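Here is the structure we will look at.
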Amino acid sequence: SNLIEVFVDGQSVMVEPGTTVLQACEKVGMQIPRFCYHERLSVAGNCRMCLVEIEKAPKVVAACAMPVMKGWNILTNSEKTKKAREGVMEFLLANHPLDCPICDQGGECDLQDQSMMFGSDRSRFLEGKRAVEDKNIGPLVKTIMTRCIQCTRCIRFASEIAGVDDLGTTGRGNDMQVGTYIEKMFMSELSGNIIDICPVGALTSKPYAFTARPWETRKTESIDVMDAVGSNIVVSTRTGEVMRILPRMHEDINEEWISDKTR
Amino acid sequence: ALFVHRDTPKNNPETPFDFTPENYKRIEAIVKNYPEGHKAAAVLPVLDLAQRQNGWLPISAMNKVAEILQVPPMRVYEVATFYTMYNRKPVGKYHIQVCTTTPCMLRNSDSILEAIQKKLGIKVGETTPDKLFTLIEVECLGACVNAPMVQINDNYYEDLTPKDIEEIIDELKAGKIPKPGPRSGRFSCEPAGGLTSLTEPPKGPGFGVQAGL
Amino acid sequence: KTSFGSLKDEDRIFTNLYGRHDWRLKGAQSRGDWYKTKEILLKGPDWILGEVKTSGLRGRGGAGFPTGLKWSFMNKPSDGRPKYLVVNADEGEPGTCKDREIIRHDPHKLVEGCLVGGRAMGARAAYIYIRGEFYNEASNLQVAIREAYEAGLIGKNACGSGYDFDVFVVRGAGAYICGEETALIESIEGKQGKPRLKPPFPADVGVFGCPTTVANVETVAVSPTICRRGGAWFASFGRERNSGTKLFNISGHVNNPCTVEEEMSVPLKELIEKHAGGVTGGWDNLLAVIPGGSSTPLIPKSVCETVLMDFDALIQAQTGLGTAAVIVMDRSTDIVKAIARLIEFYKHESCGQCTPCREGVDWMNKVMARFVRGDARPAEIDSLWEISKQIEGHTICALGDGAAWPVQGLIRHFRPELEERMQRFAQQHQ
Amino acid sequence: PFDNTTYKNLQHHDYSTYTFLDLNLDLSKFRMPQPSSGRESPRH
Ligand SMILES: NC(=O)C1=CN([C@@H]2O[C@H](COP(=O)(O)OP(=O)(O)OC[C@H]3O[C@@H](n4cnc5c(N)ncnc54)[C@H](O)[C@@H]3O)[C@@H](O)[C@H]2O)C=CC1
Ligand SMILES: Cc1cc2nc3c(=O)[nH]c(=O)nc-3n(C[C@H](O)[C@H](O)[C@H](O)COP(=O)(O)O)c2cc1C
Ligand code: SF4
Ligand code: SF4
Ligand code: SF4
Ligand code: FES
Ligand code: FES
Ligand SMILES: [K+]
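Protein chains in written order, with PDB author numbering: chain 3, 6 to 268; chain 2, 5 to 217; chain 1, 9 to 438; chain a, 32 to 75.
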């Protein structure tokens, strides 16, 4: 067995070579915070939320991208890892809009939850925030691009899984904008899964828009019937009425996606 | 100064654009500089060639480059919005690029910017009504010992004064082309008061060749 | 040897730096370029890499990595993929205008450097990523590359050594980020110039996925002069781990802003007073010096008196060597305005890929724009220090580090001028 | 007769907008055959 031995917070875990640091911490049940890493998209390494300390090495590494080497001691809860997480969360909330009440992603937002868990509790930002032009990519995805944190799960989805290549980053710097650069309509058969994998409220479900809110939704784990694939879904109801259909993770049918007919 | 496209009557995918056949020869020569299967590597020189033919990029040059290289249009849109040379609006024929970073600002490029603003009658970003001149304010152009300097479409005009850039703009309005260099007494990059180095002739080939070569 | 500087005209690698001689083949052959190149190439990669590791040549791009150890990462067996040398000719750094001079005035030295370096690493060809603003330099280098092909010096049967080596020039499109090696690779691949993450270092996955070395024009062009003159000769200039000669760009507030070649550990006061004709107003008019281009922290007059212009002494002087591009600033300088415009540069040239640079560099520019007017209170200086320390070390490439460093140098050496700016703002507006 | 007084680099005063690419077309025959990845693009 060509497994190599590493350490996660001192605890020895065995990994196949080529294992990322994030997966080495997943193999002891610790989830490193992340925004741009998605386990079915390719690795981008461009939110820097997974910056974790390797001891006897004076620089935090991007755990989503970094393959482990032999004998590392990964420090997920050390001081400079927490300073990295708090600083990166401060830059993510520097120009994010105060839209948490009028946002559908509230209650089921990644940015809110790991701002609460791994971020600070106040702002040092004293300037005016940016504002981004909204886009019309169709009747299914409500686009409010001020909330976008540029994690590029859009482009990796529509370049790898959807195979469409309509999305990209136009511009440069803080004015870089995820979009299509034209009034072009993103209608794939899988086009609604960018509502799933957007960690923020930049891409929301326009039919589900403004109607409900996740903590009061009752989750019911059911099956698709819209085709013969049998996608596993959540039919989430609120007080006796169907609100939306989310996917379930089933590793052998619909890995964590559904078609737009299903959704 | 925006990073989206809105279809005007003068910028749409039905705006006429196509290469001359010598530009198709040049595009084949560009694509031959890159390995097979990496035809997408030649987005930048072919789109730059489209700018050299048209003066600026409508969204038909981007789509034509995406058609001939068999890449998506979005991947050419990313390139044309990423870089500060791909002019996505029709600039004037002389594109005055004044450098205003810290080494040019220490040697008073602001006087040159004010002199161009009062000599042309425009400000930063605008275009003169004859559509010959467009003045924008750019970052470091890499001529720092020859600061302050400008760039006019291809050419560095260096070691400038306000009077030197007035004189260059005057001989541009006469329809000629000036000499792309410094406007002080020196030639390229030597000390202005005289040669502090390289005074002697070179030694020729073979000087100091170690034993065994 | 304890005294450094006073580099003589015979030990200059970049003879014809000034364009005073013929840059073409008939001039470059009269100066030592393309002499015994066949006997350099026939002696294998191992002898070339031994002479470069002998010569103590570090990274002339600015980071200062040991060049021969870097090039030996390509000295590895072939696994189907070709190998490439890539020559970093972007040169977007404020203060830095020397590789423009190497391309424009000694181009055959660069082409012979491409040939010897690609032979040292088994590289198939050479992509020279020149800046798109350097159009005359690019046509100039393509003329010299045509002269090298028509003489049979490169290409099929390079210099009669039986090696095949093309030399390409790829023009940029106006992005300072495409001088970083992986963003440059992406700019060759027809994509946005967004830097990759390391590892993979380009010796494993570089341009087009091939093994690749990206080196500066200066540390490529001085390599045939090293392989001709020997390693220990070039190692006998400058201090130890500071071996050799260096092109300095003494810009800013001097009487003669110039590009000159000097020994590696020359004093800064001696360099400014000996080649640039001194600071405008004498040495008693100096205020600060940005020693090696914009990404290095400034240092005041009390440090620039005794400091040496190499890697180790400037790291001990809490800055970096960098590109060795000297920016001289006198007492008539609004220095906070200068550093704020430099941060404005580093947000107009920043590709927006990862979070800390994309947001924090714009946020530092807004804080510095309020510091120029004084529209702040003195907690925000330490706040800006913590912002810069959160950008530093948390990015993908060192543009975040190279943007946090001018802020840290400015705060560290000129906190009281910021504080008195803010307090006179507070008295005159309230 | 040696000359350390004149700027010999005067050839770039007459360059045109198509100079670089005319030089690339003039060099397109001096170059080795490009290596292949076997496929026409990574989407083939
Ligand atoms: N010359 C110019 O115009 C400019 C130069 N710079 C300089 O660039 C410096 C930053 O350099 P960077 O490219 O960001 O990185 P640098 O820290 O990593 O590394 C230098 C070189 O060594 C290689 N390298 C480093 N560590 C390695 C390892 N463990 N294994 C294999 N290869 C390794 C890298 O690939 C790179 O080519 C700044 O400090 C500044 O001085 C910055 C801007 C402009
Ligand atoms: C933002 C950024 C810009 C850079 N720009 C250049 C450049 O324009 N030219 C250059 O030679 N190196 C540049 N570098 C340094 C390169 O990454 C690399 O270290 C160098 O080109 C080759 O290494 P060397 O110093 O051994 O030559 C830049 C680095 C960064 C982080
Ligand atoms: S995306 Fe998240 S953090 Fe942003 S407004 Fe919505 S709930 Fe709040
Ligand atoms: S819209 Fe959402 S998924 Fe797309 S890049 Fe922005 S934050 Fe990521
Ligand atoms: S730190 Fe800045 S320059 Fe580097 S990859 Fe990120 S956006 Fe780009
Ligand atoms: S998760 Fe590793 S950087 Fe985004
Ligand atoms: S600062 Fe203007 S050219 Fe470099
Ligand atoms: K979402």
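C-beta: ideal position from N, C-alpha, C; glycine also.
Query raised in the report: Any chance the CB of residue 155 (chain 3) is under 6 Å from a heavy atom of ligand 4?
Result: What you label residue 155 (chain 3) is simply residue 150 of the first sequence in a count that begins at 1. Because some heavy atom of ligand 4 lies under 6 Å away, the Cβ of residue 155 (chain 3) counts as near it: yes.
Report task. Could you tell me the distance, in whole angstroms, from the CA atom of residue 16 (chain 2) to the CA atom of residue 61 (chain 2)? Result -> Here residue 16 (chain 2) is taken as the residue at index 12 of the second sequence, counted from 1. Here residue 61 (chain 2) is taken as the residue at index 57 of the second sequence, counted from 1. One C-alpha to the other measures close to 11 Å.
Query raised in the report: Where in the stretch 276 to 352 of chain 1 do unbroken runs of the alpha helix (DSSP H), each at least 4 residues long, occur, reported from the N-terminal end onward?
Result: 276 to 282 and 319 to 324
Query raised in the report: Counting only beta-carbon atoms, is residue 183 (chain 3) nearer than 7 Å to chain 1?
Result: Against the first sequence, residue 183 (chain 3) aligns to sequence position 178. For residue 183 (chain 3), the answer is no, since every Cβ of chain 1 falls outside 7 Å of its Cβ.
Requested in this report: Determine, using beta carbons only, whether residue 23 (chain 1) comes closer than 7 Å to chain 2.
Outcome: Along the third sequence, one-based indexing puts residue 23 (chain 1) at 15. Judged by the 7 Å Cβ criterion, residue 23 (chain 1) is in contact with chain 2.
Report task. Can you tell me which of the three DSSP states residue 57 (chain 1) falls into? Result -> Indexing the third sequence from 1 puts residue 57 (chain 1) at position 49. Helix, per DSSP.
Query raised in the report: Counting only beta-carbon atoms, is residue 62 (chain 2) nearer than 7 Å to chain a?
Result: Your numbering for residue 62 (chain 2) matches position 58 in the second sequence. Residue 62 (chain 2) does not count as touching chain a.
Query raised in the report: With 16 as the cutoff for other CB atoms within 10 Å, does residue 240 (chain 1) come out buried or exposed?
Result: Your numbering for residue 240 (chain 1) matches position 232 in the third sequence. Flag for residue 240 (chain 1) reads exposed.
Report task. Compare the beta carbon distance of residue 42 (chain 1) and residue 120 (chain 1) with 7 Å and say whether it is the shorter of the two. Result -> Stepping through the third sequence from its first residue, residue 42 (chain 1) is reached at position 34. Stepping through the third sequence from its first residue, residue 120 (chain 1) is reached at position 112. Contact: yes.
Query - Residue from 100 (chain 3), 214 (chain 3), 101 (chain 3) and 112 (chain 3) with nearest C-alpha to residue 145 (chain 3) - result: For this step, residue 145 (chain 3) is matched to residue 140 along the first sequence. The shortest C-alpha separation from residue 145 (chain 3) is found at 214 (chain 3).
Report task. List in chain order: all unbroken beta strand (DSSP E) runs of 3+ residues lying wholly within the stretch 90 to 121 of chain 1. Result -> 92 to 97
Query - Residues, ordered as in the chain, of the stretch 68 to 93 of chain 3 that lie near chain 1 by beta-carbon distance below 7 Å - result: 70, 89, 92 and 93
Query raised in the report: At a cut of 8 Å, does the stretch 180 to 194 of chain 3 reach the stretch 236 to 247 of chain 3 through at least three beta carbon pairs?
Result: no
Query raised in the report: DSSP state of residue 274 (chain 1), grouped into three classes?
Result: Your numbering for residue 274 (chain 1) matches position 266 in the third sequence. Correct three-state label for residue 274 (chain 1): coil.
Report task. Please name the residue, chosen from 40 (chain 2), 150 (chain 2) and 42 (chain 2), that lies closest to residue 188 (chain 2) on a Cα-to-Cα basis. Result -> Numbered from 1 along the second sequence, position 184 holds the residue referred to as residue 188 (chain 2). Nearest of 40 (chain 2), 150 (chain 2) and 42 (chain 2) to residue 188 (chain 2), Cα basis: 150 (chain 2).
Query raised in the report: So, do the stretch 203 to 215 of chain 1 and the stretch 81 to 90 of chain 2 have three or more beta carbon pairs nearer to each other than 8 Å?
Result: no
Query raised in the report: Should residue 69 (chain 3) be counted as a contact of ligand 6 given a C-beta to heavy atom distance under 6 Å?
Result: The residue you call residue 69 (chain 3) lines up with position 64 of the first sequence. Correct: residue 69 (chain 3) has its Cβ closer than 6 Å to ligand 6.
Report task. State yes or no: is the C-beta of residue 514 (chain 1) nearer than 6 Å to some heavy atom of ligand 2? Result -> The structure shown has nothing for residue 514 (chain 1), since chain 1 only spans 9 to 438.
Query - Beta-carbon spacing of residue 226 (chain 1), residue 12 (chain 1) below 7 Å - result: The residue you call residue 226 (chain 1) lines up with position 218 of the third sequence. The residue you call residue 12 (chain 1) lines up with position 4 of the third sequence. No, Cβ-Cβ distance for residue 226 (chain 1) and residue 12 (chain 1) is not below 7 Å.
Requested in this report: Check the DSSP bridge columns for residue 174 (chain 1) and list the partner residues they point to.
Outcome: The sequence position of residue 174 (chain 1) within the third sequence is 166, counting from 1. In DSSP, residue 174 (chain 1) forms a bridge with 133 (chain 1).
**Report entry** Neighbour-count burial assignment, residue 282 (chain 1), 16 or more Cβ in a 10 Å radius
**Finding:** In the third sequence, the residue the question calls residue 282 (chain 1) occupies position 274. Label assigned to residue 282 (chain 1): buried.
Report task. Spatial neighbours of residue 91 (chain 3) within its chain, please: CB distance less than 8 Å, with the 5 preceding and 5 following residues excluded, ordered by chain position. Result -> By one-based count along the first sequence, residue 91 (chain 3) stands at place 86. Excluding sequence neighbours, residue 91 (chain 3) sits near 123, 124 and 125.
Query - CB of residue 198 (chain 1) within 7 Å of CB of residue 47 (chain 2), strictly - result: Taking the first residue of the third sequence as position 1, residue 198 (chain 1) is located at position 190. Taking the first residue of the second sequence as position 1, residue 47 (chain 2) is located at position 43. Contact flag set, yes.
Query raised in the report: Going by alpha carbons, who is nearest to residue 333 (chain 1) out of 23 (chain 1), 318 (chain 1) and 223 (chain 1)?
Result: Taking the first residue of the third sequence as position 1, residue 333 (chain 1) is located at position 325. The residue with the shortest Cα to Cα distance from residue 333 (chain 1) is 318 (chain 1).
Report task. Could you tell me the boundaries of the beta strand (DSSP E) in which residue 81 (chain 2) lies? Result -> The residue labelled residue 81 (chain 2) in the question sits at position 77 within the second sequence. Careful: residue 81 (chain 2) lies outside any beta strand (DSSP E), inside the alpha helix (DSSP H) at 77 to 86.
Query raised in the report: Relative to chain a, which residues along the stretch 175 to 198 of chain 2 have a C-beta separation below 7 Å, given in chain order?
Result: 183, 184, 191 and 192
Requested in this report: Label residue 175 (chain 2) either buried or exposed according to how many other C-beta atoms from any shown protein chain fall within 10 Å of its C-beta, with 16 as the threshold for buried.
Outcome: In the second sequence, residue 175 (chain 2) corresponds to position 171, counting from 1. Exposed is the call here.
Query raised in the report: Can you tell me where the beta strand (DSSP E) with residue 224 (chain 1) in it begins and where it stops?
Result: Numbered from 1 along the third sequence, position 216 holds the residue referred to as residue 224 (chain 1). 220 to 224 is the extent of the beta strand (DSSP E) around residue 224 (chain 1).
Query raised in the report: What span of residues does the alpha helix (DSSP H) with residue 157 (chain 1) cover, start to end?
Result: The residue you call residue 157 (chain 1) lines up with position 149 of the third sequence. It spans 143 to 158 - the alpha helix (DSSP H) in which residue 157 (chain 1) sits, taken as one unbroken run.
Requested in this report: Within its chain, find whatever has a CB closer than 6 Å to the CB of residue 115 (chain 2); leave out the 5 residues flanking it on each side and keep chain order.
Outcome: Here residue 115 (chain 2) corresponds to residue number 111 of the second sequence, with the count starting at 1. For residue 115 (chain 2), where only same-chain residues beyond five positions count, the Cβ hits under 6 Å are 166.
Requested in this report: Please confirm if residue 66 (chain a) has its CB atom under 7 Å from at least one CB of chain 2.
Outcome: As a position in the fourth sequence, residue 66 (chain a) is number 35, starting the count at 1. Judged by the 7 Å Cβ criterion, residue 66 (chain a) is in contact with chain 2.
Requested in this report: Using 10 angstroms around the beta-carbon of residue 41 (chain a), count the other beta-carbons present and answer buried if the total reaches 16, otherwise exposed.
Outcome: Mapped onto the fourth sequence, residue 41 (chain a) falls at position 10. Exposed.
Requested in this report: Determine the direct distance from the alpha carbon of residue 127 (chain 3) to that of residue 137 (chain 1), and round the result to whole angstroms.
Outcome: Taking the first residue of the third sequence as position 1, residue 137 (chain 1) is located at position 129. Taking the first residue of the first sequence as position 1, residue 127 (chain 3) is located at position 122. Each residue's Cα considered, the two are about 45 Å apart.
Report task. Quick one: using the 10 Å Cβ neighbour count with 16 as the cut-off for buried, is residue 74 (chain a) buried or exposed? Result -> On the fourth sequence, residue 74 (chain a) is found 43 positions in, with the first residue counted as 1. So residue 74 (chain a) ends up on the exposed side.
Query raised in the report: Quick one: is the Cβ of residue 102 (chain 1) within less than 6 Å of any heavy atom of ligand 7?
Result: Mapped onto the third sequence, residue 102 (chain 1) falls at position 94. True, at least one ligand heavy atom lies under 6 Å from that Cβ.
Requested in this report: Output, in chain order, the set of chain 1 residues within a Cβ distance shorter than 7 Å of residue 115 (chain 2).
Outcome: Reading the second sequence from its first residue, position 111 is the one you call residue 115 (chain 2). Ordered by position in chain 1, no residue passes the 7 Å Cβ test against residue 115 (chain 2), which lies about 14 Å from the chain.
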